[PDB]
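Descriptive analysis of the structure
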There are 2 protein chains.
Amino acid sequence: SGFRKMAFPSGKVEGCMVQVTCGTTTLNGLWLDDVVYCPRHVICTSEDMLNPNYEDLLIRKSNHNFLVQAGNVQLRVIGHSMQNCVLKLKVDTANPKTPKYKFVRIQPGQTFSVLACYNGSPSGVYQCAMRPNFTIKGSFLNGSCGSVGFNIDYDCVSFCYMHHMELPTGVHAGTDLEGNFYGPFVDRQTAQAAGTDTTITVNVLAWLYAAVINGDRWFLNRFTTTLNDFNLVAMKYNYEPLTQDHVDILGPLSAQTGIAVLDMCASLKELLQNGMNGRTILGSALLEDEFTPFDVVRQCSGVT
Amino acid sequence: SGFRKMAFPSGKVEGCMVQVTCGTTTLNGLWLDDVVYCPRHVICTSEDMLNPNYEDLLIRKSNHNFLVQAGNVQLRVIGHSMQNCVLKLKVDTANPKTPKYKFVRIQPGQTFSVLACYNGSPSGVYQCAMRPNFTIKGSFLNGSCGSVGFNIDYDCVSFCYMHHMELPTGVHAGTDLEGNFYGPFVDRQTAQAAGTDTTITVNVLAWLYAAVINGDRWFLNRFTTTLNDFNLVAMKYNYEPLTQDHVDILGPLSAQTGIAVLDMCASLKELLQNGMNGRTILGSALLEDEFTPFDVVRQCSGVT
Ligand SMILES: *CC(=O)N1CCC(C(=O)Nc2ccc(OC)nc2)CC1
Ligand SMILES: *CC(=O)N1CCC(C(=O)Nc2ccc(OC)nc2)CC1
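The PDB entry annotates chain A as 3C-like proteinase of Severe acute respiratory syndrome coronavirus 2. According to its PDB record, this entry is titled "PanDDA analysis group deposition SARS-CoV-2 main protease fragment screen -- Crystal Structure of SARS-CoV-2 main protease in complex with PG-COV-42 (Mpro-x2052)".

**Examining the domain arrangement of chain A**
Residues and elements named next belong to chain A. Splitting chain A by domain gives domain 1 (1-14 + 100-197), domain 2 (15-99) and domain 3 (198-301). On the domain 3 side, the residues contacting the 18 residues of domain 1 number 19 residues. Of the roughly 1500 Å² buried between domain 1 and domain 3, counting both surfaces, carbon and sulfur atoms make up 55%. Here domain 1 is connected to domain 3 by three salt bridges. When residues in the side of domain 1 that touches domain 3 are grouped by element, the largest group, three residues, is from strand 10 (residues 121-129). Looking at the side of domain 1 that touches domain 3 residue by residue, the classes come out as seven nonpolar, seven polar and four charged.

**Quick word on the relation of the copies chain B and chain A**
Mapping chain B onto chain A calls for a screw motion: a turn of 180° about the axis and a shift of 0.0 Å along it, with 0.0 Å RMSD after fitting. The transformation relating the two chain copies, once decomposed into turn and shift, fits a two-fold axis. Closest approach to the rotation axis within chain B is made by the C-alpha atom of B:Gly11, at a distance of 1.8 Å. Both copies share a contact surface, since 100% of the interface residues of chain B are interface residues in chain A too.

**Observations concerning the nonpolar core**
Within the largest apolar cluster, 40 residues are counted, with the highest numbers of intra-cluster contacts made by A:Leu30, A:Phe159, B:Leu30 and B:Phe159. If sequence neighbours within four positions are ignored, A:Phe159 has contacts with A:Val13, A:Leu30, A:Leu32, A:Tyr101, A:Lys102, A:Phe103, A:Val104, A:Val148, A:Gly149, A:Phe150 and A:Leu177.

**Overview of the site of ligand 1**
Residues and elements named next belong to chain A. Residues in contact with ligand 1, as listed here, are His41, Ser46, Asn142, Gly143, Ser144, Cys145 and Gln189. Between ligand 1 and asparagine 142, the relevant distance is 3.4 Å, taken from an oxygen atom to a side-chain nitrogen or oxygen of the residue. Here an oxygen atom of ligand 1 sits 3.3 Å away from a polar atom, N or O, in the main chain of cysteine 145. Out of a free accessible area of 480 Å², ligand 1 has 53% covered by protein chains. Within the shell around ligand 1, the residues separate by chemical class into one nonpolar, six polar and no charged.

**Concerning the interface of chain B and chain A**
Across the contact, 42 residues belong to chain B and 42 residues belong to chain A. Summed over both sides, the interface of chain B with chain A buries roughly 3000 Å², with 53% coming from carbon and sulfur. Among the ionic pairs, B:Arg4 bridges to A:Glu290, the shortest N-O distance being 2.8 Å. In this assembly, chain B and chain A are joined by 23 residue pairs in polar contact. If you list the elements that add at least two residues to the side of chain B that touches chain A, you get helix 1 (11-14), strand 9 (111-118), strand 10 (121-129) and helix 8 (293-301) of chain B.

**A word on the side chain of B:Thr198**
In this fold, B:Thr198 is placed in the loop between strand 13 (172-175) and helix 3 (201-213). B:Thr198 sits in the buried class, given a relative accessible area of 10%.

**Some details on the site of ligand 2**
Residues and elements named next belong to chain B. Looking at ligand 2, the residues that line it are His41, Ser46, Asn142, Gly143, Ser144, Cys145 and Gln189. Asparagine 142 is positioned such that a nitrogen or oxygen atom in its side chain is 3.4 Å from an oxygen atom of ligand 2. With respect to ligand 2, the backbone of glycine 143 contributes an N or O atom lying 3.0 Å from an oxygen atom. Contact with the protein chains removes 53% of the 480 Å² of surface that ligand 2 exposes when unbound. Considering only residue class, the shell around ligand 2 consists of one nonpolar, six polar and no charged.

**Details of unusual backbone geometry**
Note: most peptide bonds trans; most residues except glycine with negative phi. Residues and elements named next belong to chain A. With a phi close to 65°, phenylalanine 134 is a non-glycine residue in the positive phi region. Tracing the sequence through the fold places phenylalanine 134 in the loop between strand 10 and strand 11 (148-153). Judged by its relative accessible area of 27%, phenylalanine 134 is partly exposed.

**Some points on the packing of helix 3 (residues 201-213) of chain A against helix 8 (residues 293-301) of chain A**
Residue and element names in this part refer to chain A. At a closest axis distance of 8 Å, the pairing of helix 3 and helix 8 adopts a crossing angle of 20°. Taken together, the axis directions place helix 3 and helix 8 in an arrangement best described as roughly parallel. Here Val202, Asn203, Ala206, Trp207, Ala210 and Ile213 of helix 3 come into contact with helix 8, specifically with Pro293, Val296 and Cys300. For the contact of helix 3 with helix 8, the residue count by class is eight nonpolar, one polar and no charged.

**Looking at the sheet that holds strand 1 (residues 17-22) of chain B**
Residue and element names in this part refer to chain B. Spatially, the seven strands line up as an open sheet ordered 5-4-1-2-3-7-6, and their pairing is antiparallel. In this open sheet, the two strands that pair with only one neighbour each are strand 5 (73-75) and strand 6 (77-83). Averaged over all pairs of adjacent strands, the angle between their axes in this sheet comes to 30°, without regard to strand direction. Bridge count for strand 2 (residues 25-32) against strand 3 (residues 35-39) is three bridges, and the pairing is antiparallel. Paired with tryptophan 31 across the strands is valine 36, a residue of strand 3.

**Considering the pattern of salt bridges**
This model, assessed by the stated rule, comprises 24 salt bridges over all chains. Residues A:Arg298 and A:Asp295 are paired through a salt bridge, measuring 2.8 Å at the closest nitrogen-oxygen approach. Remark: A:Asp295 and A:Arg298 occur in helix 8; sequence separation between them is three residues, near one turn of the helix. On the basis of relative accessible area, A:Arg298 is assigned to the partly exposed category, the value being 24%. In this structure A:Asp295 comes out as buried when scored by relative accessible area, which is 7%. Among the salt bridges present, the one from B:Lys5 reaches B:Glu288, with a minimum N-O distance of 3.9 Å. With a gap of 283 residues between them, B:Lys5 in the segment before helix 1 and B:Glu288 in the loop between helix 7 (261-274) and helix 8 connect regions that are remote in the sequence. With a relative accessible area of 27%, B:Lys5 lands in the partly exposed category. A network of salt bridges, in which partner residues are shared, links A:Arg4, B:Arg131, B:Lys137, B:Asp197, B:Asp289 and B:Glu290.

Rules of the game
- Residues numbered from 1 in each chain as written, not as in the entry; some residues may be left out.
- Chains lettered and ligands numbered in written order.
- Heavy atoms only, no water.
- Domains from an automatic or database assignment.
- Contact = heavy atoms within 4.5 Å.
- Buried area = accessible area lost by both parts, 1.4 Å probe.
- Salt bridge = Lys/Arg side-chain N within 4 Å of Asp/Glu carboxyl O.
- Helix = DSSP H or I, 4+ residues; strand = E, 2+ residues; numbered from the N terminus.
- Nonpolar A, V, L, I, M, F, W, Y, C, P; charged D, E, K, R; others polar.
- Least-squares fit on C-alpha atoms.
- Core = buried A, V, L, I, M, F, W, Y, C linked by side-chain atoms within 4.5 Å.
- Buried < 20%, exposed > 50% of the residue type's maximum accessible area, 1.4 Å probe, protein only.
- Near = heavy atom within 4 Å.
- Polar contact = N/O pair within 3.5 Å; in protein donor to acceptor, adjacent residues only side chain to side chain.
- Areas by Shrake-Rupley, 256 points an atom, 1.4 Å probe, with all protein chains shown as cover.
- Axes fitted to C-alpha atoms, helices over the stretch in contact; angles between N-to-C directions.
- Parallel < 35°, antiparallel > 145°, perpendicular 65-115°, else oblique.
- Pairing = 2+ DSSP bridges.

Structure representation (structure tokens):
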């Protein structure tokens with residue numbers, strides 16, 4: 001028992017981290033097979049970031065200008081190309097530690113682990129979620145760009161995020177491994193404000209199921225609700241609308257606990273309207289939304 | 001910017017996890033050099049756990065009864081011994097992936113990462129703290145015994161915990177890598193109640209410094225206090241006493257932010273007496289105590 005914000009074991013991803021330097025900018029790259037993926041803003045000076053024309057800046061760069069270092073050994077760059085907001089640096093050596101991998105573009109509400117890196121070296125691993133406004137709330141200092149987000153299914157790493165920037169509000173924006181930003185963000189140092197950071201309702205319900213499974217049951221009430229009634233309350237509290245797809249996804253947790261999804265919705269409705277009254281759920285004084293129903297099942301079953 | 005509950009990259013520890021089976025019990029072992037460390041309760045049946053005499057149970061065991069599997073390959077056991085509550089199984093092969101390592105016994109308030117494992121396979125990594133009552137609040141299902149806690153200093157892994165049991169209250173107890181339990185706990189299925197789980201004051205202050213560094217400043221007040229005055233309030237709220245050693249340890253955070261430690265104590269005193277009033281600090285509605293001053297400096301500076 002016990003329920004923790006858990007990240008995937010990071011070993012498979014640590015074996016892929018490299019340092020990429022272009023001129024005076026050094027960030028992280030992801031080495032899979034004979035390709036190193038990194039943010040295209042590695043070619044920018046701090047001045048260039050104000051209004052960069054990436055195609056024009058890239059013309060002044062040759063393969064030998066991209067310095068790629070894996071550990072303390074240099075990789076030879078034999079090609080470079082820009083795909084959306086990422087650069088793909090072809091190297092002459094396949095990464096011997098390349099795990100089975102996929103590039104996936106996640107939806108808002110989906111969680112992933114981040115291996116925060118500096119100078120191609122891993123510093124830490126933490127779990128986060130793609131927010132409904134397409135930002136993530138990470139922990140990234142200068143030099144962390146190119147750090148990646150991922151999920152693991154047994155031995156296959158699904159890379160879903162690459163870090164590119166911090167908005168002026170301290171929230172983070174990045175791309176999938178095809179270089180397409182999540183949300184409307186651009187790799188330019190300009191006014192980019194995030195939209196409403198709503199709560200991921202289906203994740204909160206999954207976490208309330210985890211709480212029941214782990215013995216924290218005080219919030220369970222004698223009520224039920226409907227999807228439409230619940231959603232009226234969810235709208236009021238800036239919670240995402242709950243759909244029948246979400247109810248279906250919560251089915252196995254409902255089955256395990258014997259608590260109907262709409263009954264759990266009614267408990268959540270009362271928590272929104274009455275508050276926690278100084279009480280906690282799974283050691284938290286607020287409703288946690290960075291556990292998906294899949295994460296709750298995985299952690300409560302012990303998937304390796 | 002941003003501040004997350006971050007675990008150490010787990011790769012170095014993943015390379016040490018093995019499966020240990022004795023009869024019908026299978027748990028995890030830690031393979032360093034030619035020795036596999038595991039909880040001695042691997043020799044117990046579910047019945048034996050009620051009142052085990054480990055020396056007597058061990059007499060009926062031979063090297064060939066300990067099945068050690070690293071990945072899908074079997075290790076040959078050439079010796080076994082009991083050191084306190086851990087078994088040391090000498091194998092004929094040194095772990096080729098053994099990192100530089102130390103065995104350390106941590107003090108309450110100290111944090112570490114746990115690589116939760118099942119059948120010798122890593123399932124997840126999370127960060128926790130040795131509570132002042134010598135329990136940890138982990139996430140451990142059956143089969144997770146032998147999972148370890150650790151800290152990393154660049155390339156050296158300091159192992160500090162091995163998981164052994166879950167108390168009837170859902171909290172966890174375990175040993176250092178010398179097999180000595182933290183706290184008064186025993187590897188027996190008997191009435192073992194934990195003492196008061198007090199809050200780690202020095203860690204809360206470190207986390208309030210992290211909050212200021214990251215822009216969350218609403219809780220800063222116009223007051224100061226003394227160590228004695230603060231401690232009167234800390235006692236009332238089940239917070240650990242703050243010592244001059246703790247104030248000294250917080251010195252670099254005080255220097256970086258320009259906020260004197262006793263001023264931060266006065267802010268914490270007001271948060272204890274007035275509550276959060278529905279507000280949050282670093283995305284939390286309660287005062288976080290599982291970040292040490294060293295963790296705050298490390299995360300706020302980017303140590304790899
Ligand atoms: C995430 C990352 O690694 N980045 C590269 C460095 C970059 C940065 O520091 N930019 C910057 C420099 C100087 C000034 O002056 C106003 N502003 C921003 C952030 C992204
Ligand atoms: C942490 C771990 O791996 N453990 C080994 C299994 C053990 C267990 O499941 N014990 C147990 C079995 C049957 C009964 O019946 C009442 N109680 C406890 C827990 C520790």
